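Undergrad: Sequences listed follow chains A, C and B, in order. Taking the authors' numbering, the leading residue of the first sequence gets 14, the next gets one more, and so forth. Taking the authors' numbering, the leading residue of the second sequence gets 22, the next gets one more, and so forth. Taking the authors' numbering, the leading residue of the third sequence gets 175, the next gets one more, and so forth. Using N, Cα and C, we set each Cβ at its ideal position, and we do this for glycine too.
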Amino acid sequence: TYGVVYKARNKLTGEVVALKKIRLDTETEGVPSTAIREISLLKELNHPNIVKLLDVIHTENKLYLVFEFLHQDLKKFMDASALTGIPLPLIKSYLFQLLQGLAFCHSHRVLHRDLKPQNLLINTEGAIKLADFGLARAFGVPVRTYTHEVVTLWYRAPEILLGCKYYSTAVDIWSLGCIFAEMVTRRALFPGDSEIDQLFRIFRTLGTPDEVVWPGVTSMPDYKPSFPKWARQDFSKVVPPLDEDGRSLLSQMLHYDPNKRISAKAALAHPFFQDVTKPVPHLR
Amino acid sequence: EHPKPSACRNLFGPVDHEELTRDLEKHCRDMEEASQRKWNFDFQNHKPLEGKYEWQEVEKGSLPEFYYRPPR
Amino acid sequence: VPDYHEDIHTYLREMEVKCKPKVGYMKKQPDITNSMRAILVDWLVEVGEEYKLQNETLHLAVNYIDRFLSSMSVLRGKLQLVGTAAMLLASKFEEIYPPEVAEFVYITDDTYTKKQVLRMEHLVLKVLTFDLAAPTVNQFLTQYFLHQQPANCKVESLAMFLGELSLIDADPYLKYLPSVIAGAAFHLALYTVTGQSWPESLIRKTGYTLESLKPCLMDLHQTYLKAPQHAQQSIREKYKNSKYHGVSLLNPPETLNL
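1. Specify the secondary structure class of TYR107 (chain A) as computed by DSSP and reduced to three states.
2. By the DSSP assignment, the beta strand (DSSP E) with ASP185 (chain A) in it spans what residues?
3. Taking only beta-carbon atoms, is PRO92 (chain C) less than 9 Å away from chain A?
4. Touching or not, the region 355-365 of chain B and the region 374-390 of chain B, by the rule of three or more beta carbon pairs under 8 Å?
5. With a threshold of 9 Å between beta carbons, is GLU86 (chain C) in contact with chain A?
6. What do you get for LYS252 (chain B), buried or exposed, if any count of 16 or more other CB atoms within 10 angstroms of its CB means buried?
7. Of all Cβ atoms in chain B, is any one closer than 9 Å to the Cβ of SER261 (chain A)?
8. What is the DSSP secondary structure of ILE70 (chain A), counted as helix, strand or coil?
9. On the criterion of 16 or more Cβ atoms from any shown chain inside 10 Å, does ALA308 (chain B) qualify as buried, or is it exposed?
10. Express the C-alpha separation of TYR238 (chain B) and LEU306 (chain B) in angstroms, rounding to a whole number.
11. Which chain B residues sit within Cβ distance under 7 Å of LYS47 (chain C)?
12. DSSP three-state label for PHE62 (chain C), please.
13. Assuming the contact rule is C-beta atoms closer than 8 Å, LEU255 (chain B) and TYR286 (chain B) should be a hit. Round their C-beta distance to whole Å, please.
14. Reducing DSSP to helix, strand and coil, say where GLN57 (chain C) ends up.
15. Please report the straight-line C-alpha distance between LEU174 (chain A) and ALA244 (chain A), rounded to a whole angstrom.
16. Residues bridged to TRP76 (chain C) by DSSP?
17. In three-state DSSP terms, what is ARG187 (chain B)?
18. Against chain C, which members of the region 41-55 of chain A pass a CB distance test of less than 8 Å?
19. Going along the chain, which residues of its own chain have a beta-carbon closer than 6 Å to the beta-carbon of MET261 (chain B), five neighbours each way excluded?
20. What does the alpha-carbon distance come out to for the pair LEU134 (chain A) and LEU423 (chain B)?
21. Using C-beta distances below 6 Å, list every residue in its chain close to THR207 (chain B), excluding the 5 sequence neighbours before and after it, in chain order.
22. Please list the segments of the alpha helix (DSSP H) lying wholly inside the region 200-246 of chain A, counting only runs of 4 or more residues, in order along the chain.
23. Would you list, in chain order, the members of the region 67-86 of chain C that have their beta-carbon closer than 8 Å to a beta-carbon of chain A?
24. Start and end of the alpha helix (DSSP H) containing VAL279 (chain B)?
25. Would you say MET200 (chain B) reaches chain C, if we count a Cβ-Cβ gap shorter than 9 Å as a contact?
26. Whose CA, out of A:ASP270, A:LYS291, A:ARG260, lies closest to the CA of residue 13 (chain A)?
27. Grouping DSSP H, G and I as helix and E and B as strand, with all else coil, what is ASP284 (chain B)?
28. Return helix, strand or coil for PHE304 (chain B), following the three-state DSSP convention.
29. Going by CA-CA distance only, name the one from B:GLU269, B:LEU218, B:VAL197, B:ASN431 that's closest to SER46 (chain A).
30. Going by C-alpha to C-alpha distance, which of A:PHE152, A:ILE35, A:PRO61, A:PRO102 sits closest to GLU81 (chain A)?
31. What three-state label does DSSP hand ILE377 (chain B) in the structure shown?
32. Which same chain residues end up closer than 6 Å to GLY222 (chain B) when comparing Cβ atoms and leaving out the 5 residues on each side of it in sequence?
33. Only counting the same chain, and skipping five residues up and downstream in sequence, which positions put a Cβ closer than 8 Å to that of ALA276 (chain B)?
34. Quick one: is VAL225 (chain A) buried, meaning 16 or more other Cβ sit within 10 Å of its Cβ, or exposed?
35. Consult DSSP for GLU81 (chain A) and reduce its assignment to one of helix, strand or coil.
36. Can you check whether the C-beta of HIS296 (chain B) is within less than 9 Å of a C-beta belonging to chain F?
Structure below.
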């Protein structure tokens, strides 16, 4: 409550550790699933774009996790930077860094779910790292994990809202595309109140998902042909301050087909990423 | 119902409950040191034990919300 | 994912050696024998069939015990505790809705109290260092399945049967890596129902040839041919149902030309 966090710096030229406390009721199901899954999947992952789970300690009624310390989440930074807007080199850096971490996670059989801009942590060095792995679930192939509809509404893929049976690696790419398109304008693209209005907000920009663009939409459950015939908005207005190179990448990574959305390992060779360097933010 | 026919079946007869309890308890409280001294922190009761590490109190502000997120 | 599949397979191969029990770890145990491990795993399968648990949990659960009994000693009496806690820790990692503790206590006929199933999962999670994600013989057959013709039924179900028959007997299946056991299981059912041998697609991807699975094949056939006469008959009954194409009643092949 009061001492909710004990952030401990190091005196022997070491990193900064932070303490996350989990209180165990020890009455039913033992330790919760949301802790076991995160602890198991956050130790196999070691990339310079992921939080390092430095230590785990489990007492008779408490469970402490010693994490690396990152200064400012993306949400508060971009709230404070809304007046001047995120500079183009800075967002280029924050995209070339997150895509690396996402590709590494996908190649490491682990699937991230909720890429909320509150789950992305930056520091003074310009680095960025994925933070929250509680909803992460290892797949092996995308036909192993089922569906439970837990991810936050504003960042659900159009396939998840309609209801599927198995996930894929395109959910993370969709969320990453939303964040990219959203930091250029400093406005959440699709702030729907519920799933139905979220769908109606998605269709307004990318055009109604005709069978020409989406082969597997007609037979999809929770899809109906009584859908508005909204046009495909011109991308020159959806995000005005983008360069000529950035026109294509936002469109490929926001694609409809879950088997077409550009893979993270393939997004790093797209002509948008040609000259990327890391500046320092406003004191993190 | 008289308990499930196939699954409900004792395997290796009776056991000693008291000895089992003390054996589990020992090891439960044995988990100390090499972490309590590595992080020089009294993890038993959330006490910042003195040492090289500088444990500090942090207000909920000026800090990412990831470090005090209640489980859902 | 055909983009990341190669990297996932390489990572799985690399990780298969860390999450491995030591061979011949149990003869050192002064209270239990293989006739007890087989009984425990049999009871595990019977429980899993009566709770609608996913087949991935079983393969995981029997792994944790193999990484627990070879690290910390256990008496004869509290082995069922280890099995129950292994199921509890496996189901809270692979199942969407983990069953409650009271149900597991009810399963063992109220021999272990609710506070007793815990304080053991308390113990298991630290001896393994919280490394629960262990590659197993289900996670490898899944990768090998998508190369045995685009559409082939009754192959992805007998192979699972031969993979599950592995866990019952420690001798001599505790030596082969999961990637070799899965390869032998895949190339036995395929020869049983279809006829083609070890696919050429998976002899240039996994690196194994059909010569370097001969020990695994000769170990798996004997179990295939004796399964109806085994002392623990629950997996055969489990796969007798029509959910898995009823392959448990298929005639085993007699001889091989490998």
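TA: In terms of the structure at hand:
1. helix
2. From DSSP, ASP185 (chain A) is part of no beta strand (DSSP E) but of the alpha helix (DSSP H) over 183-198.
3. yes
4. yes
5. yes
6. buried
7. no
8. strand
9. buried
10. 8 Å
11. Within 7 Å Cβ-Cβ: nothing; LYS47 (chain C) doesn't reach chain B, min ~11 Å.
12. coil
13. 6 Å
14. coil
15. 20 Å
16. A:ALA21
17. helix
18. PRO45, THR47, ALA48
19. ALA235
20. 56 Å
21. none
22. 208-219
23. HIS67, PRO69, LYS73, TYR74, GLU75, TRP76, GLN77, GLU78, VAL79, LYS81, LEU84, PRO85, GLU86
24. 275-281
25. no
26. Beyond the ends of chain A as shown, which are 14 and 297, falls residue 13 (chain A); an answer cannot be given.
27. coil
28. coil
29. B:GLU269
30. A:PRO61
31. coil
32. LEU232
33. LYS288
34. exposed
35. strand
36. Of the chains in the structure shown, none is chain F; the protein chains are A, C and B.
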